[PDB]
Amino acid sequence: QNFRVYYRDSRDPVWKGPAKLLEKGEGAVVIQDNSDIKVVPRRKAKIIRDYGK
Amino acid sequence: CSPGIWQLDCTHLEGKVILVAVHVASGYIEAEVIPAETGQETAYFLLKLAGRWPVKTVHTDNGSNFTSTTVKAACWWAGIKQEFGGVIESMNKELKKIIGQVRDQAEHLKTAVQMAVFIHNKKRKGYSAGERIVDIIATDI
Amino acid sequence: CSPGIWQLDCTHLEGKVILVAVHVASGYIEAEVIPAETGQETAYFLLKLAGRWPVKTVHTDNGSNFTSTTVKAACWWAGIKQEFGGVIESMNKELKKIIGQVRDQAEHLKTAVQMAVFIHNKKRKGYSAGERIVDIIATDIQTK
Amino acid sequence: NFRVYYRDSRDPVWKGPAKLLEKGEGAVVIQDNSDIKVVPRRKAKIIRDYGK
Ligand SMILES: Cc1ccc(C2CC2)c(-c2ccc3c(c2C)CCCO3)c1[C@H](OC(C)(C)C)C(=O)O
Ligand SMILES: Cc1ccc(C2CC2)c(-c2ccc3c(c2C)CCCO3)c1[C@H](OC(C)(C)C)C(=O)O
Ligand SMILES: [Cl-]
Ligand SMILES: [Mg+2]
Ligand SMILES: [Mg+2]
């Protein structure tokens with residue numbers, strides 16, 4: 001049902017998120033974190049759904 | 001008190017970090033000695049806890065491990081609501097008291113922690129905390 | 001099946017040792033990745049399990065971690081009878097299937113293991129295994 | 001009262017259970033099968049009677 005995206009940015013090893021999933025491509029995910037739209041390589045993003053709800 | 005509500009906190013003995021979870025309505029506890037007081041260790045603990053019980057809300061203080069992104073991810077995936085900001089603090093003290101009573105029976109602190117958890121959960125007040133959590137959950141199915 | 005009976009066994013993925021406990025009457029499981037397939041790791045797992053549930057009998061094969069003195073000491077301290085001698089084996093396979101389904105969602109194998117345990121215990125067949133173990137044990141308590 | 005597992009003959013496998021007879025500060029007097037043994041504290045595991 002619903003997805004949130006957690007991701008890593010510019011060198012920063014801290015995970016960021018939740019961000020809104022805008023679009024999923026083969027190599028990148030487009031997300032919105034608060035007020036910034038970001039294009040994130042798939043390998044640096046985890047798209048997590050609210051499985052237990 | 002709702003059957004889905006848990007409090008978690010960390011306490012410390014012998015330089016080691018003990019992560020404790022209490023089921024608020026029963027007093028039932030679970031605890032683990034973790035190697036570092038990090039979000040990733042806390043998130044892993046939460047995933048285990050959520051697979052055993054119907055965890056709906058987890059109340060903690062604002063410790064940086066509890067506000068970490070990996071804990072947010074764990075809670076999101078498991079369906080857990082986080083609330084921030086003294087049942088668990090009384091439990092920490094009680095758990096450390098039992099640990100002290102049994103400590104010289106084991107080499108490892110973690111062994112004494114689990115013996116103390118068992119002693120706490122099995123003691124009848126007259127139901128034990130371990131009986132009460134199962135009674136409360138079952139009746140709420 | 002009696003409410004107190006558990007089966008334990010180790011299984012392996014990615015060179016890691018996964019210790020699995022199944023409550024036979026419900027199908028509920030708990031599992032942990034342990035650093036070595038040893039008696040001391042098995043004894044510590046059992047002490048944790050016994051503090052959560054009313055463990056009366058544990059059934060295992062004859063693997064040397066299950067017949068070790070540390071495990072005998074844990075079982076004596078906690079009041080657990082051991083029996084030696086295919087619920088858990090079927091459960092190992094099911095757990096591995098779910099782990100394989102979710103494995104690419106996590107960096108660490110242990111994370112996938114606990115995700116799989118959750119998926120297994122929360123699935124409604126109409127009760128889930130997590131609901132059944134709690135109902136079975138509560139009924140025992142409430143009627144004594 | 002208590003129960004004792006112990007190591008002695010340069011063997012890392014824990015032995016026991018033995019009967020506890022005395023808990024010294026440095027050593028433990030136990031009986032195992034029919035032998036009286038005196039073991040240093042660090043080679044003994046003295047566990048109070050809990051569980052059953
Ligand atoms: C290593 C790591 C880094 C970041 C993240 C999250 C993106 C912010 C996670 C993580 C945390 C919780 C969780 C899930 C994951 C993917 C998947 C769904 C179930 O809940 C992990 C995770 O490892 C543990 C030890 C659990 C933190 C892993 O193995 O990948
Ligand atoms: C290190 C060690 C070596 C031997 C033993 C037993 C003598 C054969 C134990 C042991 C095993 C089970 C157990 C208890 C102990 C003391 C105490 C009562 C509760 O059940 C331990 C123990 O460590 C774990 C990780 C649990 C194996 C420890 O910390 O001393
Ligand atoms: Cl793309
Ligand atoms: Mg705190
Ligand atoms: Mg086996």
# chains A, B, ... in the order shown; residues from 1 in each chain; ligands from 1

$ residues_near_ligand --ligand "ligand 2" --cutoff "10 Å" --atoms "only C-alpha atoms and all ligand atoms" --output "PyMOL selection string"
(chain B and resi 102-116+118) or (chain C and resi 38-48+68-78) or (chain D and resi 3-7+12-17+43-51)

$ interface_residues --of "chain C" --to "chain B" --cutoff "8 Å" --atoms "only C-alpha atoms" --output "ChimeraX atom specification"
/C:30,44,47-48,50-53,111,114-115,117-119,121-122,130-131,134-135,137-138,141-142

$ residues_around --residues "residue B:22" --least-positions-apart "4" --cutoff "10 Å" --atoms "only C-alpha atoms" --output "PyMOL selection string"
chain B and resi 5-9+26-31+58-59+87-89+91-92

$ write_last_selection --atoms "N, CA and C atoms" --output "PDB file, in the first residue's frame"
ATOM      1  N   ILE B   5       1.089  -1.374  23.735  1.00  0.00           N
ATOM      2  CA  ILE B   5       2.001  -0.298  24.098  1.00  0.00           C
ATOM      3  C   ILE B   5       3.218  -0.849  24.847  1.00  0.00           C
ATOM      4  N   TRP B   6       4.402  -0.503  24.357  1.00  0.00           N
ATOM      5  CA  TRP B   6       5.676  -0.903  24.945  1.00  0.00           C
ATOM      6  C   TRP B   6       6.528   0.318  25.262  1.00  0.00           C
ATOM      7  N   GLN B   7       7.353   0.229  26.308  1.00  0.00           N
ATOM      8  CA  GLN B   7       8.392   1.231  26.517  1.00  0.00           C
ATOM      9  C   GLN B   7       9.760   0.594  26.367  1.00  0.00           C
ATOM     10  N   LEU B   8      10.681   1.300  25.721  1.00  0.00           N
ATOM     11  CA  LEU B   8      12.042   0.802  25.590  1.00  0.00           C
ATOM     12  C   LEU B   8      13.008   1.832  26.146  1.00  0.00           C
ATOM     13  N   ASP B   9      14.117   1.364  26.728  1.00  0.00           N
ATOM     14  CA  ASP B   9      15.166   2.283  27.181  1.00  0.00           C
ATOM     15  C   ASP B   9      16.462   1.492  27.291  1.00  0.00           C
ATOM     16  N   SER B  26       1.351  -5.210  31.442  1.00  0.00           N
ATOM     17  CA  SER B  26       1.663  -6.420  32.201  1.00  0.00           C
ATOM     18  C   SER B  26       2.887  -6.325  33.084  1.00  0.00           C
ATOM     19  N   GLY B  27       3.844  -5.464  32.749  1.00  0.00           N
ATOM     20  CA  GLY B  27       5.174  -5.456  33.345  1.00  0.00           C
ATOM     21  C   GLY B  27       6.127  -6.484  32.766  1.00  0.00           C
ATOM     22  N   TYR B  28       5.720  -7.220  31.721  1.00  0.00           N
ATOM     23  CA  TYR B  28       6.593  -8.241  31.141  1.00  0.00           C
ATOM     24  C   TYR B  28       7.800  -7.536  30.516  1.00  0.00           C
ATOM     25  N   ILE B  29       9.000  -8.106  30.657  1.00  0.00           N
ATOM     26  CA  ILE B  29      10.193  -7.479  30.033  1.00  0.00           C
ATOM     27  C   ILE B  29      10.933  -8.429  29.101  1.00  0.00           C
ATOM     28  N   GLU B  30      11.683  -7.818  28.130  1.00  0.00           N
ATOM     29  CA  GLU B  30      12.691  -8.528  27.364  1.00  0.00           C
ATOM     30  C   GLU B  30      13.899  -7.631  27.328  1.00  0.00           C
ATOM     31  N   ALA B  31      15.082  -8.224  27.293  1.00  0.00           N
ATOM     32  CA  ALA B  31      16.277  -7.386  27.281  1.00  0.00           C
ATOM     33  C   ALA B  31      17.383  -8.107  26.535  1.00  0.00           C
ATOM     34  N   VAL B  58       5.544   2.287  20.561  1.00  0.00           N
ATOM     35  CA  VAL B  58       6.771   2.165  21.341  1.00  0.00           C
ATOM     36  C   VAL B  58       7.137   3.540  21.893  1.00  0.00           C
ATOM     37  N   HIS B  59       7.137   3.679  23.214  1.00  0.00           N
ATOM     38  CA  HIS B  59       7.459   4.941  23.872  1.00  0.00           C
ATOM     39  C   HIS B  59       8.913   4.921  24.322  1.00  0.00           C
ATOM     40  N   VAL B  87       7.611   3.940  33.900  1.00  0.00           N
ATOM     41  CA  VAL B  87       7.520   2.482  34.044  1.00  0.00           C
ATOM     42  C   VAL B  87       8.855   1.817  33.696  1.00  0.00           C
ATOM     43  N   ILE B  88       9.438   2.172  32.547  1.00  0.00           N
ATOM     44  CA  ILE B  88      10.674   1.485  32.162  1.00  0.00           C
ATOM     45  C   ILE B  88      11.811   1.859  33.106  1.00  0.00           C
ATOM     46  N   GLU B  89      11.809   3.076  33.645  1.00  0.00           N
ATOM     47  CA  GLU B  89      12.897   3.467  34.536  1.00  0.00           C
ATOM     48  C   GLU B  89      12.825   2.694  35.849  1.00  0.00           C
ATOM     49  N   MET B  91      11.581  -0.270  35.927  1.00  0.00           N
ATOM     50  CA  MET B  91      11.964  -1.603  35.512  1.00  0.00           C
ATOM     51  C   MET B  91      13.476  -1.747  35.422  1.00  0.00           C
ATOM     52  N   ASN B  92      14.171  -0.765  34.831  1.00  0.00           N
ATOM     53  CA  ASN B  92      15.633  -0.808  34.816  1.00  0.00           C
ATOM     54  C   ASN B  92      16.193  -1.021  36.217  1.00  0.00           C
TER      55      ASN B  92
END

$ residues_near_ligand --ligand "ligand 5" --cutoff "8 Å" --atoms "only C-alpha atoms and all ligand atoms" --output "number ranges by chain"
C: 9-11, 60-63

$ residues_near_ligand --ligand "ligand 3" --cutoff "9 Å" --atoms "only C-alpha atoms and all ligand atoms" --output "ChimeraX atom specification"
/A:24-30,41-42

$ write_last_selection --atoms "N, CA and C atoms" --output "PDB file, in the first residue's frame"
ATOM      1  N   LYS A  24       9.932   5.499  -9.658  1.00  0.00           N
ATOM      2  CA  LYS A  24      10.973   4.486  -9.587  1.00  0.00           C
ATOM      3  C   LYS A  24      11.380   4.152 -11.011  1.00  0.00           C
ATOM      4  N   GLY A  25      12.660   4.325 -11.320  1.00  0.00           N
ATOM      5  CA  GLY A  25      13.203   3.910 -12.589  1.00  0.00           C
ATOM      6  C   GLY A  25      14.144   2.731 -12.398  1.00  0.00           C
ATOM      7  N   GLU A  26      14.669   2.258 -13.528  1.00  0.00           N
ATOM      8  CA  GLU A  26      15.550   1.097 -13.478  1.00  0.00           C
ATOM      9  C   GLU A  26      16.838   1.410 -12.724  1.00  0.00           C
ATOM     10  N   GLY A  27      17.362   2.624 -12.864  1.00  0.00           N
ATOM     11  CA  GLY A  27      18.619   2.960 -12.210  1.00  0.00           C
ATOM     12  C   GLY A  27      18.553   4.021 -11.124  1.00  0.00           C
ATOM     13  N   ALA A  28      17.430   4.737 -11.036  1.00  0.00           N
ATOM     14  CA  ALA A  28      17.311   5.823 -10.071  1.00  0.00           C
ATOM     15  C   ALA A  28      15.908   5.850  -9.493  1.00  0.00           C
ATOM     16  N   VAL A  29      15.794   6.471  -8.329  1.00  0.00           N
ATOM     17  CA  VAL A  29      14.496   6.776  -7.747  1.00  0.00           C
ATOM     18  C   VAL A  29      14.431   8.280  -7.590  1.00  0.00           C
ATOM     19  N   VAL A  30      13.269   8.843  -7.937  1.00  0.00           N
ATOM     20  CA  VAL A  30      13.000  10.258  -7.728  1.00  0.00           C
ATOM     21  C   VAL A  30      12.159  10.369  -6.467  1.00  0.00           C
ATOM     22  N   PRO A  41      20.440   7.218  -7.035  1.00  0.00           N
ATOM     23  CA  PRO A  41      20.739   5.884  -7.568  1.00  0.00           C
ATOM     24  C   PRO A  41      20.015   4.808  -6.766  1.00  0.00           C
ATOM     25  N   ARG A  42      19.494   3.798  -7.476  1.00  0.00           N
ATOM     26  CA  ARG A  42      18.741   2.729  -6.805  1.00  0.00           C
ATOM     27  C   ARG A  42      19.534   2.119  -5.657  1.00  0.00           C
TER      28      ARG A  42
END

$ residues_near_ligand --ligand "ligand 1" --cutoff "8 Å" --atoms "only C-alpha atoms and all ligand atoms" --output "PyMOL selection string"
(chain A and resi 5-7+15-17+45-46+48) or (chain B and resi 39-44+47+69-78) or (chain C and resi 105-112+115)

$ atom_distance --atom1 "atom CA of residue A:19" --atom2 "atom CA of residue A:35"
9.9 Å

$ residues_near_ligand --ligand "ligand 4" --cutoff "12 Å" --atoms "only C-alpha atoms and all ligand atoms" --output "PDB file with N, CA and C atoms, in the first residue's frame"
ATOM      1  N   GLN B   7       7.353   0.229  26.308  1.00  0.00           N
ATOM      2  CA  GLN B   7       8.392   1.231  26.517  1.00  0.00           C
ATOM      3  C   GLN B   7       9.760   0.594  26.367  1.00  0.00           C
ATOM      4  N   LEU B   8      10.681   1.300  25.721  1.00  0.00           N
ATOM      5  CA  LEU B   8      12.042   0.802  25.590  1.00  0.00           C
ATOM      6  C   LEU B   8      13.008   1.832  26.146  1.00  0.00           C
ATOM      7  N   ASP B   9      14.117   1.364  26.728  1.00  0.00           N
ATOM      8  CA  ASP B   9      15.166   2.283  27.181  1.00  0.00           C
ATOM      9  C   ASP B   9      16.462   1.492  27.291  1.00  0.00           C
ATOM     10  N   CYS B  10      17.575   2.196  27.421  1.00  0.00           N
ATOM     11  CA  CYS B  10      18.836   1.530  27.692  1.00  0.00           C
ATOM     12  C   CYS B  10      19.304   1.775  29.115  1.00  0.00           C
ATOM     13  N   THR B  11      19.972   0.762  29.680  1.00  0.00           N
ATOM     14  CA  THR B  11      20.688   0.985  30.934  1.00  0.00           C
ATOM     15  C   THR B  11      22.078   0.369  30.781  1.00  0.00           C
ATOM     16  N   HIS B  12      22.939   0.570  31.786  1.00  0.00           N
ATOM     17  CA  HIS B  12      24.354   0.259  31.652  1.00  0.00           C
ATOM     18  C   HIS B  12      24.866  -0.406  32.919  1.00  0.00           C
ATOM     19  N   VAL B  17      26.008  -2.181  27.398  1.00  0.00           N
ATOM     20  CA  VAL B  17      24.739  -1.505  27.108  1.00  0.00           C
ATOM     21  C   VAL B  17      23.642  -2.543  27.138  1.00  0.00           C
ATOM     22  N   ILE B  18      22.604  -2.335  27.953  1.00  0.00           N
ATOM     23  CA  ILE B  18      21.484  -3.261  28.018  1.00  0.00           C
ATOM     24  C   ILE B  18      20.251  -2.533  27.480  1.00  0.00           C
ATOM     25  N   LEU B  19      19.667  -3.071  26.453  1.00  0.00           N
ATOM     26  CA  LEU B  19      18.430  -2.540  25.895  1.00  0.00           C
ATOM     27  C   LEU B  19      17.263  -3.344  26.456  1.00  0.00           C
ATOM     28  N   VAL B  20      16.299  -2.650  27.067  1.00  0.00           N
ATOM     29  CA  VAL B  20      15.169  -3.251  27.776  1.00  0.00           C
ATOM     30  C   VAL B  20      13.877  -2.801  27.114  1.00  0.00           C
ATOM     31  N   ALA B  21      12.949  -3.723  26.943  1.00  0.00           N
ATOM     32  CA  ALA B  21      11.592  -3.407  26.482  1.00  0.00           C
ATOM     33  C   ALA B  21      10.613  -3.868  27.573  1.00  0.00           C
ATOM     34  N   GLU B  37      25.371   1.319  21.519  1.00  0.00           N
ATOM     35  CA  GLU B  37      24.049   1.885  21.707  1.00  0.00           C
ATOM     36  C   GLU B  37      23.649   2.697  20.466  1.00  0.00           C
ATOM     37  N   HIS B  59       7.137   3.679  23.214  1.00  0.00           N
ATOM     38  CA  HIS B  59       7.459   4.941  23.872  1.00  0.00           C
ATOM     39  C   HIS B  59       8.913   4.921  24.322  1.00  0.00           C
ATOM     40  N   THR B  60       9.664   5.964  23.968  1.00  0.00           N
ATOM     41  CA  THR B  60      11.067   6.074  24.373  1.00  0.00           C
ATOM     42  C   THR B  60      11.365   7.518  24.741  1.00  0.00           C
ATOM     43  N   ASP B  61      12.521   7.738  25.350  1.00  0.00           N
ATOM     44  CA  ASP B  61      13.061   9.091  25.431  1.00  0.00           C
ATOM     45  C   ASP B  61      13.709   9.457  24.088  1.00  0.00           C
ATOM     46  N   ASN B  62      14.419  10.576  24.065  1.00  0.00           N
ATOM     47  CA  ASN B  62      14.979  11.121  22.843  1.00  0.00           C
ATOM     48  C   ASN B  62      16.432  10.734  22.609  1.00  0.00           C
ATOM     49  N   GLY B  63      16.877   9.636  23.206  1.00  0.00           N
ATOM     50  CA  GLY B  63      18.155   9.048  22.905  1.00  0.00           C
ATOM     51  C   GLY B  63      18.352   8.915  21.408  1.00  0.00           C
ATOM     52  N   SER B  64      19.574   9.176  20.953  1.00  0.00           N
ATOM     53  CA  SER B  64      19.823   9.305  19.515  1.00  0.00           C
ATOM     54  C   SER B  64      19.640   7.977  18.792  1.00  0.00           C
ATOM     55  N   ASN B  65      19.804   6.859  19.503  1.00  0.00           N
ATOM     56  CA  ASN B  65      19.517   5.584  18.871  1.00  0.00           C
ATOM     57  C   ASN B  65      18.021   5.429  18.603  1.00  0.00           C
ATOM     58  N   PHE B  66      17.186   5.993  19.464  1.00  0.00           N
ATOM     59  CA  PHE B  66      15.742   5.809  19.311  1.00  0.00           C
ATOM     60  C   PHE B  66      15.164   6.757  18.273  1.00  0.00           C
ATOM     61  N   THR B  67      15.826   7.893  18.028  1.00  0.00           N
ATOM     62  CA  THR B  67      15.363   8.826  16.999  1.00  0.00           C
ATOM     63  C   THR B  67      16.043   8.598  15.653  1.00  0.00           C
ATOM     64  N   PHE B  84       7.561   9.930  21.814  1.00  0.00           N
ATOM     65  CA  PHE B  84       8.786  10.366  22.474  1.00  0.00           C
ATOM     66  C   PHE B  84       8.456  11.187  23.717  1.00  0.00           C
ATOM     67  N   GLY B  85       9.172  10.921  24.813  1.00  0.00           N
ATOM     68  CA  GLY B  85       9.069  11.760  25.997  1.00  0.00           C
ATOM     69  C   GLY B  85       7.996  11.307  26.964  1.00  0.00           C
ATOM     70  N   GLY B  86       7.231   6.771  34.035  1.00  0.00           N
ATOM     71  CA  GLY B  86       8.496   6.163  34.402  1.00  0.00           C
ATOM     72  C   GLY B  86       8.457   4.659  34.653  1.00  0.00           C
ATOM     73  N   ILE B  88       9.438   2.172  32.547  1.00  0.00           N
ATOM     74  CA  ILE B  88      10.674   1.485  32.162  1.00  0.00           C
ATOM     75  C   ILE B  88      11.811   1.859  33.106  1.00  0.00           C
ATOM     76  N   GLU B  89      11.809   3.076  33.645  1.00  0.00           N
ATOM     77  CA  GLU B  89      12.897   3.467  34.536  1.00  0.00           C
ATOM     78  C   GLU B  89      12.825   2.694  35.849  1.00  0.00           C
ATOM     79  N   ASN B  92      14.171  -0.765  34.831  1.00  0.00           N
ATOM     80  CA  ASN B  92      15.633  -0.808  34.816  1.00  0.00           C
ATOM     81  C   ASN B  92      16.193  -1.021  36.217  1.00  0.00           C
TER      82      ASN B  92
END

$ select_by_dssp --residues "chain B" --states "helix (DSSP H, G or I)" --output "ChimeraX atom specification"
/B:39-52,69-78,87-105,109-122,129-140

$ select_by_dssp --residues "chain A" --states "strand (DSSP E)" --output "ChimeraX atom specification"
/A:3-7,16-24,28-33,36-41,45-49

$ write_last_selection --atoms "C-alpha atoms" --output "PDB file, in the first residue's frame"
ATOM      1  CA  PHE A   3       5.978   3.440   0.561  1.00  0.00           C
ATOM      2  CA  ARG A   4       8.638   5.556   2.149  1.00  0.00           C
ATOM      3  CA  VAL A   5      12.155   5.933   0.848  1.00  0.00           C
ATOM      4  CA  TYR A   6      15.341   6.028   2.958  1.00  0.00           C
ATOM      5  CA  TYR A   7      18.529   7.000   1.113  1.00  0.00           C
ATOM      6  CA  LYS A  16      18.064  10.028   5.401  1.00  0.00           C
ATOM      7  CA  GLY A  17      14.302   9.851   5.200  1.00  0.00           C
ATOM      8  CA  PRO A  18      11.491   9.154   5.123  1.00  0.00           C
ATOM      9  CA  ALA A  19      11.058  10.770   1.742  1.00  0.00           C
ATOM     10  CA  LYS A  20       8.100  10.502  -0.574  1.00  0.00           C
ATOM     11  CA  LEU A  21       8.465   8.192  -3.570  1.00  0.00           C
ATOM     12  CA  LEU A  22       7.774  10.134  -6.750  1.00  0.00           C
ATOM     13  CA  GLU A  23       8.948   7.670  -9.384  1.00  0.00           C
ATOM     14  CA  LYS A  24      10.973   4.486  -9.587  1.00  0.00           C
ATOM     15  CA  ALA A  28      17.311   5.823 -10.071  1.00  0.00           C
ATOM     16  CA  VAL A  29      14.496   6.776  -7.747  1.00  0.00           C
ATOM     17  CA  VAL A  30      13.000  10.258  -7.728  1.00  0.00           C
ATOM     18  CA  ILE A  31      12.002  11.298  -4.202  1.00  0.00           C
ATOM     19  CA  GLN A  32      10.781  14.381  -2.383  1.00  0.00           C
ATOM     20  CA  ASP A  33      12.418  14.978   1.014  1.00  0.00           C
ATOM     21  CA  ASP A  36      13.692  19.114  -2.178  1.00  0.00           C
ATOM     22  CA  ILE A  37      13.193  16.781  -5.108  1.00  0.00           C
ATOM     23  CA  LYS A  38      16.148  14.455  -5.435  1.00  0.00           C
ATOM     24  CA  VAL A  39      17.291  11.860  -7.962  1.00  0.00           C
ATOM     25  CA  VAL A  40      18.893   8.925  -6.127  1.00  0.00           C
ATOM     26  CA  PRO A  41      20.739   5.884  -7.568  1.00  0.00           C
ATOM     27  CA  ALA A  45      17.885   3.967  -1.727  1.00  0.00           C
ATOM     28  CA  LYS A  46      15.631   1.621   0.232  1.00  0.00           C
ATOM     29  CA  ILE A  47      11.951   1.764  -0.772  1.00  0.00           C
ATOM     30  CA  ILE A  48      10.103   0.397   2.257  1.00  0.00           C
ATOM     31  CA  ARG A  49       6.434  -0.311   2.492  1.00  0.00           C
TER      32      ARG A  49
END
